[PDB]
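First, one chain by itself: the form deposited in one PDB entry, in structure tokens.
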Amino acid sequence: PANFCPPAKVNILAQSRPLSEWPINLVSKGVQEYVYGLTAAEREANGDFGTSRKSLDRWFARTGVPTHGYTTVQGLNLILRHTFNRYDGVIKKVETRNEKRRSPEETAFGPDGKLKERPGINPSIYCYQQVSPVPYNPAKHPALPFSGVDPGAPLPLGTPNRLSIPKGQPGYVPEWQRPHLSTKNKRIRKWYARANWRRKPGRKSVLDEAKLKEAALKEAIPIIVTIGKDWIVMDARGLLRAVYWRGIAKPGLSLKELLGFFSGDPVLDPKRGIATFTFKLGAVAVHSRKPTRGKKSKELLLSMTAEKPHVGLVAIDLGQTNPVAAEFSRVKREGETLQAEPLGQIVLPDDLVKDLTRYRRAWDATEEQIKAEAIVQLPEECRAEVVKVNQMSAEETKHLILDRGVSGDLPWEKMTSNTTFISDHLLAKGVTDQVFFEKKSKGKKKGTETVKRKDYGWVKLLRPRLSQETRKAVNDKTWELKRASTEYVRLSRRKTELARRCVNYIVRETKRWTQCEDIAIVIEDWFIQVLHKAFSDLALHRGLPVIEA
């Protein structure tokens, strides 16, 4: 049963007035600011808004929240059921911990009676059936400098005769590039794509955004959403690309049926200018599972092999010099036991490893350029303290132990952590009986083994408290300037993309090596966190079982 609905984002080409000034947005803001600032008794009393016109009108009558002229029942139910659920999300977040305590109780209501942690305003316009997107029609819709395609006529492709375009014209592939072109079904980029003109280290081209914008606008696929007397006009080529890369639609489809793979209830965020569409329940035939927790794997694979008589595995072994050391296998079903035959183990290829090691030199090179400039901008009283702490214990503890009078040359190098040589060199200058001791818990229930301290324990005790004076300057200004640089939010997405690239390569090699469409991924009981998250996400985004053995 298909139960996953991945998103598809489209751009906005025109709009009557900014989305923040629409009556629906103002009503949503008013309702949210009213609901978030009321107590539990007021929530129980003011919780009879219902799903009827006679009930919504009565609610807006007694509460007195401005209605801003918006009186649509379909679009108001979405606003009010979300807003009260957001309010009743503080209670259950705390109440989840309340039952953890049972397995002074925490309360989400403060002394004033209102929520201490109250939710912010959601800046979204959730569309409904009555404002569903429709193909742009110049006669029936406001006039725009755009061409509306025939809803039933076949949508055009890009440039069919790519090699026949003459010289001196857009899209002309030069002769010397002809011998080595691509042969796979590659996504076709038009000549006005910003990716082909973006500023680069050595691109040596001139980006005239005006001509690219005009050329892109002359060949758009306009669709229109009207709410009340307002409207927005979007570009549907994002939906076309979404249905093309997934293979669910072959070229030669119309605009009436292109919108037919997506739900007619988009979501609009005014700050960016993007409409987020969603596939219907069945467009992408993906059943979203969750990773298996051990003993359920020996039941999952039995049923998986009960359908396909040959299933392929992959043993993702994180934590080596190569991040992904895959180990393939194939399983057969005889009885209650599964029989496997290894096929071989590969490592992640060098080119992808090169991309990883060139990204890893872009994050450690920004965690310096951000953290250092966050440190330099502390107040002088905090800045001097943190600077002193940074250089603290470098030679301070060495000077202290020399003041103690021990021989400061035996533990010179590597400290021989196996033999806890700190205690040895304390014993050297007659400090054997002043050696501080540590308790051990070797016993199953308890244990009193207060004995010579280990080297790690010595390091813990000899080093000072470091930066506990503030703990809210270095740990706060850095995390505040993290969002002040767009490079960080770009690098997080780059890390996720690289992790997904590695996962995709491993999955396709598992399919190829095992010669089976049904495959499974097993993970045992840096890039480690992002790779584990990416490998676990296949059960939720693509349906491939993931096992934590």
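Only the largest set of C-alpha atoms that superpose within 1.5 Å between the two forms is called the rigid core. Throughout, we count residues from 1 along the sequence that is shown.
The discussion below concerns the form deposited in another entry, not included here.
Only one candidate in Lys167, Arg162, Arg358, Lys200 has its Cα displaced by 2 Å or more between the shown form and the other one after core superposition: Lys200. Remark: with the core as the superposition reference, the CA shift of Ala61 between the shown form and the other one reaches 2 Å or more. Shown in the overlay between the shown form and the other one, fitted on the rigid core, is a CA shift at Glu42 of 2 Å or greater. With the core superposed, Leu402 shows a C-alpha displacement of at least 2 Å between the shown form and the other one.
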